[PDB]
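What follows is calculated from the coordinates using simple rules that are stated; it is not laboratory data. Cβ: placed from backbone, ideal geometry, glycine included. Neighbour counts: every protein chain shown.
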């Protein structure tokens with residue numbers, strides 16, 4: 001409880017009806033960041049499979065981190081966004097840097113779904 005700890009809150013919008021889906025993950029090693037990278041980017045794409053969940057929002061809290069710790073989570077937010085994009089289509093994520101929070105939301109341009117002859 002200080003703001004040293006890298007608290008990542010991943011918001012996956014599958015059409016928010018019941019509750020906002022918040023995923024709790026922490027970074028310290030770049031290897032951990034990479035492990036969480038494949039977890040979030042796969043599990044997000046799994047939600048998109050049914051509804052075409054084309055709204056994704058990555059929120060991350062940071063303040064008392066090292067320049068390296070900042071770079072781990074920064075590069076992370078890009079690569080998971082490009083992975084979620086790679087699975088379905090679209091272009092890129094919308095990136096917003098802030099003092100306390102870090103908002104990178106992946107707006108997928110995906111109308112074309114369920115093509116069945």
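Structure summary
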{"read-out": "Where a residue in the range 1-15 is on the phi > 0 side of the Ramachandran plot and touching a residue at least 12 places away in the same chain (Cβ under 8 Å) and its partner, wherever it lies, is outside any strand (DSSP E or B) and surrounded by 17 or more Cβ atoms within 10 Å (Cβ to Cβ), with Cβ under 8 Å and at least six apart", "value": "3/62; 15/53"}
{"read-out": "Long-range neighbours under 8 Å by Cβ, at least six apart or interchain, first residue without any contact (Cβ under 8 Å) to a residue 12 or more places away in the chain and at negative phi within the range 16-45, second surrounded by fewer than 14 Cβ atoms within 10 Å (Cβ to Cβ) and assigned to a strand (DSSP E or B)", "value": "32/26"}
{"read-out": "Positions within the range 14-33 being buried (at least 16 other Cβ atoms within 10 Å of the Cβ) and part of a strand (DSSP E or B), in sequence order", "value": "25, 27"}
{"read-out": "Residues of the range 44-69 satisfying the condition of being in a helix (DSSP H, G or I) and exposed (fewer than 15 other Cβ atoms within 10 Å of the Cβ)", "value": "46, 49, 50, 51, 67, 68"}
{"read-out": "All positions within the range 14-44 that are within 15 Å of residue 106 (Cβ to Cβ) and touching a helix residue (DSSP H, G or I) at 6+ places or on another chain (Cβ under 9 Å)", "value": "14, 21, 23, 37, 40, 41, 42, 44"}
